[PDB]
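Structure first, then comments.
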Amino acid sequence: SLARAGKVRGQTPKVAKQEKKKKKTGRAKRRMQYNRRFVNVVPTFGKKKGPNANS
Amino acid sequence: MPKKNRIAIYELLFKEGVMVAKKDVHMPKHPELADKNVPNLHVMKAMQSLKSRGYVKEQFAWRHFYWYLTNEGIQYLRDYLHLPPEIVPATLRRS
Amino acid sequence: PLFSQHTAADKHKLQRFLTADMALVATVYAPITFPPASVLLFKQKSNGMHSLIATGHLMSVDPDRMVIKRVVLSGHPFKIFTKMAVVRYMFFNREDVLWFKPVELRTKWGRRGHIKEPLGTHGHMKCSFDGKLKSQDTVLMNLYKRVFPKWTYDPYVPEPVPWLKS
Amino acid sequence: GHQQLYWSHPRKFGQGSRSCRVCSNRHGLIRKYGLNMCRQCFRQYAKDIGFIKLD
Amino acid sequence: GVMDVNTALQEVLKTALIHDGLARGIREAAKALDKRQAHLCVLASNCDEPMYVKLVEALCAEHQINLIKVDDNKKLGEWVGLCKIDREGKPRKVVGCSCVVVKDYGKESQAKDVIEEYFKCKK
Amino acid sequence: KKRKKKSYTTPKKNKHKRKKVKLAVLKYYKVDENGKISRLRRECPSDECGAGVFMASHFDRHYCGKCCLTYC
RNA sequence: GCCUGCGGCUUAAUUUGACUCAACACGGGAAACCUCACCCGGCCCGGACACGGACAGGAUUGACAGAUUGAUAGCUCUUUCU
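Protein chains in written order, with the deposited numbering: chain e, 5 to 59; chain K, 3 to 97; chain u, 627 to 792; chain d, 2 to 56; chain M, 10 to 132; chain f, 78 to 149.
In structure tokens:
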């Protein structure tokens, strides 16, 4: 009566991970988080756009 | 098409900038190409040949294709018939 | 051996190939041993190197555990009316369709149907369904037979040469 | 092709040789007063041709 | 006589395609020059069939057609113009013809000068 | 409605791939030692295929390839 | 009694949508062909374009005759010409 074990893990097409350039760490990362939020400010009328917001 | 039919279509374009059609498969001939004896089936697809390359512009309204010459479409017809850069089309003429 | 689904039911679906992550039941005529017992599987590669392919254990030993070989026959719905459609390329005769009349169809997009009339002298069939089919669809029926393993038992197995990597 | 039997059936009289001038359809056509449009494509351009629903 | 000997045949073949008279190949080149309408002809020297060279030159001098010589079959088709080009202008792909028949000339005082004098002293 | 597929007859009727007779231009003319040019086949009495286009030698007849004119 | 629409049933197919008012002389649906989606047999390419293969010593196009073919359908075959 029904009941597979981990059906949806074994049905998913195994997509290999892309090779990107490494992330900066520590103080370097914080620096990049600072300049992305307070320094190069782009003007908007009411601010309705997020940071990750894809479309 | 035979090569007699290919080069009738291209003469009336560079003079003017416009070629039109009726979208008729049963058509014996196109009326602009008069006493030149090209079926109007042949006006369509050579003008469909230059769209996928990027030369003519489709903008369709009421069963009759309209077409213009691209800025890059201008230089294409000057290599085929060899018209010189001494002669302009009807675009750069008036006023 | 015969590989199978490791289920709790009576019928076990045959697996035609051994999968890299699934746990499978190998079914073979061997002289009866009592569980629990470990079970290893090797294969003679080249120059007599035994290659470990599959590890497990011994489950219940009984001939009553039926392994079922399935055959899924594809077809094409090329004419679609509402709830009744015309399928080709699943059969090629007329009485091929008439043989598999009581076989209930299914569909890749999840429709559950069954054949009505055969029409052509070539394999064409009218088929009823629960809902309306997409044209982008594929009709398919499932056929089953019971399969039992080959009698290839020899207790003698050659001594392997020392194993190495490629 | 070929030319002798490609479009050989005579598209004289009859609704296989009348099309809407807007949408190239052959059903529901209004050919009164030389409209030659479909009955639905008349209702888009009913006012722009100049017909008024007075009563 | 500024254009050189085989060099002067580059200007000749460009002008006819303004008015479309270069019938290429083996089959039309005999017949369209049988047609009492065309001026001259060339046969290439790189040519492999023995029955090829027999038929071509015999119809010429009877119907008052003089012959020049250039070597290659690769060479006398780039003047016919079948060869495709790359993005930077390299002759990427070659399918050349070993026969040319010129029917209508253009008007070039570079092309007409050098090659017509070649024929007088040959007589 | 759903579609009956119906893809079956006496299986195919394949088309004509074009005949490659290699160097058939050598067949028409025959040149002797002096340059003798005897034209083996017929010149058409028409206008568009006169003096440039030759005709056909079948087993009992004539058949032009341009204007499709037939003698015997 | 008949005209036409729906179901129902035979049919190669007797296309299809519509199902209480709010489906059923409705789809301007009075379809000989066409329309036409349906069924049978055949044709055409109407696969633009980019790149590779081939191809000019011709890639390919058109085809009388006769057989076949409903078809003066070069559609296939012989015939060998364009």
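Ideal Cβ placement from N, Cα and C applies to all residues, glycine included.
{"Item": "Straight-line gap, f:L103 to K:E60 (C-alpha atoms, nearest Å)", "Value": "50 angstroms"}
{"Item": "N- and C-terminal bounds of the alpha helix (DSSP H) containing d:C42", "Value": "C42 to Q45"}
{"Item": "u:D647: contacting residues in chain e (beta-carbon distance under 8 angstroms)", "Value": "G14"}
{"Item": "Alpha-carbon spacing of M:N82 relative to d:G2, whole angstroms", "Value": "38 angstroms"}
{"Item": "Spatial distance of f:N91 from K:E13 (CA atoms)", "Value": "40 angstroms"}
{"Item": "Short CB-CB distance (under 9 angstroms) between e:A7 and chain u", "Value": "yes"}
{"Item": "Enclosing alpha helix (DSSP H) for u:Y770 [first to last residue]", "Value": "Per DSSP, u:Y770 belongs to no alpha helix (DSSP H); it is in the beta strand (DSSP E), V765 to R772."}
{"Item": "Stretch-stretch touch, CB-based, cutoff 8 angstroms, three pairs: the segment 59 to 77 of chain K with the segment 20 to 38 of chain K", "Value": "yes"}
{"Item": "Segments of 4+ residues assigned as alpha helix (DSSP H) that fall wholly inside the segment 686 to 737 of chain u", "Value": "721 to 725"}
{"Item": "Which of helix, strand or coil DSSP assigns to M:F128", "Value": "helix"}
{"Item": "Residue-level contact to chain e via CB, u:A680, 9 angstroms cutoff", "Value": "no"}
{"Item": "Buried/exposed call for u:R737, threshold 16 Cβ in 10 Å", "Value": "buried"}
{"Item": "Contacts that M:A41 makes with chain f (C-beta to C-beta distance below 8 angstroms)", "Value": "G129"}
{"Item": "Simplified DSSP state of M:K78, which is helix, strand or coil", "Value": "strand"}
{"Item": "Residue range of the unbroken beta strand (DSSP E) whose run includes u:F668", "Value": "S664 to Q670"}
{"Item": "Beta-carbon neighbours of residue 797 of chain u, restricted to chain f and to distances below 7 angstroms", "Value": "In the structure as shown, chain u starts at 627 and stops at 792, and residue 797 of chain u therefore has no counterpart that could be examined."}
{"Item": "Contacting residues, own chain, Cβ-Cβ under 7 angstroms from K:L79 (five flanking each side not counted)", "Value": "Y12, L15 and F16"}
{"Item": "Opening and closing residue of the beta strand (DSSP E) in which u:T681 lies", "Value": "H676 to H683"}
{"Item": "Buried/exposed call for u:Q641, threshold 16 Cβ in 10 Å", "Value": "buried"}
{"Item": "Reduced DSSP category for f:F131 - H, G, I as helix; E, B as strand; rest coil", "Value": "strand"}
{"Item": "Cβ neighbour criterion (16 or more within 10 Å) applied to K:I89", "Value": "exposed"}
{"Item": "Local Cβ density within 10 Å of u:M716, reported as buried at 16 or more and exposed below that", "Value": "buried"}
{"Item": "For M:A53, three-class secondary structure by DSSP", "Value": "strand"}
{"Item": "Listed by chain order, chain d residues near K:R65 by CB distance under 9 angstroms", "Value": "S20, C21, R22, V23, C24 and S25"}
{"Item": "Residue of M:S107, M:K102 and M:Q119 minimising C-alpha distance to M:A32", "Value": "M:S107"}
{"Item": "DSSP state of K:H44 mapped onto helix, strand, coil", "Value": "helix"}
{"Item": "Beta carbon proximity, u:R732 to chain f, threshold 9 angstroms", "Value": "no"}
{"Item": "Where K:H32 sits in the DSSP three-state scheme", "Value": "coil"}
{"Item": "Segment contact flag, the segment 35 to 47 of chain e with the segment 31 to 38 of chain K, C-beta cutoff 8 angstroms, min 3 pairs", "Value": "no"}
{"Item": "Boundaries of the alpha helix (DSSP H) in which M:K40 is found, first to last residue", "Value": "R36 to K40"}
{"Item": "Residues near d:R19 in its chain [Cβ-Cβ closer than 8 angstroms; skip 5 each side]", "Value": "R27, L30, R32 and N37"}
{"Item": "Beta-carbon separation (whole angstroms), d:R12 vs K:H28, contact threshold 8 angstroms", "Value": "6 angstroms"}
{"Item": "Residues in the segment 51 to 66 of chain M having any Cβ partner in chain f nearer than 7 angstroms", "Value": "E58, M60, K63 and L64"}
{"Item": "Cβ-based burial, u:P703 [other Cβ within 10 Å; buried from 16]", "Value": "buried"}
{"Item": "Local Cβ density within 10 Å of u:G746, reported as buried at 16 or more and exposed below that", "Value": "buried"}
{"Item": "Partner residues on chain K for d:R12, Cβ-Cβ distance less than 9 angstroms", "Value": "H28"}
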